[PDB]
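**Q** Output the structure for:
(chains A, B, C, D, E and F)
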6 protein chains.
Amino acid sequence: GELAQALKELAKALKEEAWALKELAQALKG
Amino acid sequence: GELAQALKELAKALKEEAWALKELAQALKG
Amino acid sequence: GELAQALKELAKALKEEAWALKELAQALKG
Amino acid sequence: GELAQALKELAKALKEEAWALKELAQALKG
Amino acid sequence: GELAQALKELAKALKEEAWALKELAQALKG
Amino acid sequence: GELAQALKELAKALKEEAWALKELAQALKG
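**A** Numbers count the residues shown, from 1 in each chain, chains lettered A, B, ... in the order given. The structure is reproduced below:
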């Protein structure tokens, strides 16, 4: 239902945020 | 109640944050 | 209730942060 | 209760985040 | 119990993020 | 619960963002 769906969407977004943070860290190192 | 809605908004905002981190990473590369 | 509203406020803050970091990216890129 | 106190802490942190985002926007605008 | 603790952790981390946005703002000014 | 879990994960992500942004701040000063 609605809450389960929203929690799954938040979990996807957290994964995207972590991936993006790694891209920034890489760019900073470069 | 409104918990699921709040989590949907939070997931959407976190996606926007992730995209900004990706844009910063690319900006450091020109 | 109050929990959901505070999470909506947290989402609004991360949305604002995303926007400001996107502007920072545009300024760094030049 | 503990939840109410925690929401209070999050509200304080939101207010600090908001002022720092204002400062970042001020640094960017100029 | 665990939700109030998670919210307190989230407040702490938002304050760290505010500190970092201030540092960005200052760095933009040299 | 699942919610406390996800919010702890978000706090960790905001702490990592704060670290990266402080490194960006130093990079913006050369």
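
**Q** Going by C-alpha atoms from here, please, whenever you check contacts or count neighbours.
**A** OK.

**Q** For chain A, what lies in contact range of chain F?
**A** Contact residues, chain A versus chain F (C-alpha under 8 Å from any C-alpha of the partner chain): A:7, A:10-11, A:14, A:17-18, A:21, A:24-25, A:28.

**Q** neighbour-wise, which of these leads?
**A** Highest neighbour count within those, by other C-alpha atoms under 10 Å in any protein chain shown: residue A:21, with 27 neighbours.

**Q** between the residues of chain A next to chain F, which is nearest residue D:3?
**A** Among the residues of chain A next to chain F, residue A:7 lies closest to residue D:3 (C-alpha to C-alpha), at 20.2 Å.

**Q** Quick check: the closest one touching residue B:7?
**A** Yes: contact criterion C-alpha atoms under 8 Å: residue A:7 and residue B:7 qualify, at 6.7 Å.

**Q** Give me the subset of the residues of chain A next to chain F that also touch chain B.
**A** Within these, those near chain B by C-alpha under 8 Å from any C-alpha are A:7, A:10-11, A:14, A:17-18, A:21, A:24-25, A:28.

**Q** among the residues of chain A next to chain F, which are in helices?
**A** Cross-referencing these against helices under DSSP state H gives A:7, A:10-11, A:14, A:17-18, A:21, A:24-25, A:28.

**Q** Can you lay out the residues you listed as CSV showing distance to residue F:2?
**A** CSV is the format used below for those (distance: C-alpha to C-alpha, whole Å):
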residue, distance to residue F:2
A:7, 8
A:10, 11
A:11, 10
A:14, 14
A:17, 19
A:18, 19
A:21, 23
A:24, 28
A:25, 29
A:28, 33
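
**Q** Most widely separated two among those residues?
**A** A:7 and A:28 (31.5 Å).

**Q** ok, residue A:28 - contacts?
**A** Counting by C-alpha atoms under 8 Å, 6 or more residues apart in numbering or on different chains, residue A:28 touches B:25, B:28, F:23-24, F:27.
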